């Protein structure tokens, strides 16, 4: 059987993106720039905080000093951090808490393989820290998804080869990173986005230990 599950965070454990979105939206609103909506957040998701601020300024063709840029960056941070103080166990996606308990009940290693630089804080807020054997630090990998580095690092952080692991992901580039690591990917979403050659569940309630074991045995 698989010895570890490498968990992406955003779109698997919880909706982490909503908070960054709401922070940029509030900042834009505050300084009188229109256009940052859910669709436009596409442009901001997975993107540097500073590239993100610049794209927002370009919606209104505004230029600013370095000090005003710094001020606006800080404001978005303040916004973001205030909002994530309200994250709780109620923000855990369905199935995930029971999955984590079952994986620990079954002695399988659990690691985080998230691009979130606030993963530890977010797991603490969700009361999940205790389930995790390791958190792969996205600041310590040279390449983001779709490069495999973060899944390799997560597997290694629990003393396993990626070939002994399942990866769970909601993103196409994440699925690619899992594949290229050696680990076995199981997606949440749809094949149109994730690919036609992996097992995909429609939502996280389907991620059960029973289901992962069956997928492992069938692959």
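Numbering follows the first chain given and starts at 1.
Between 42-50 and 147-155, it is 42-50 that carries the larger average Cα temperature factor according to the deposited entry. Averaged over their C-alpha atoms, the temperature factors of 175-183 and 189-197 are higher for 189-197. Ranked within its chain, residue 17 lands in the highest third, by CA B factor from the PDB record. Split the chain's modelled residues into thirds by C-alpha temperature factor. Residue 6 is in the lowest one. Among all modelled residues in its chain, residue 118 ranks in the lowest third by Cα B-factor. In this PDB entry, the Cα temperature factor of residue 140 sits in the top third of its chain's modelled residues, the highest group. Looking at the C-alpha B-factors along this chain, the one for residue 56 belongs to the highest third.
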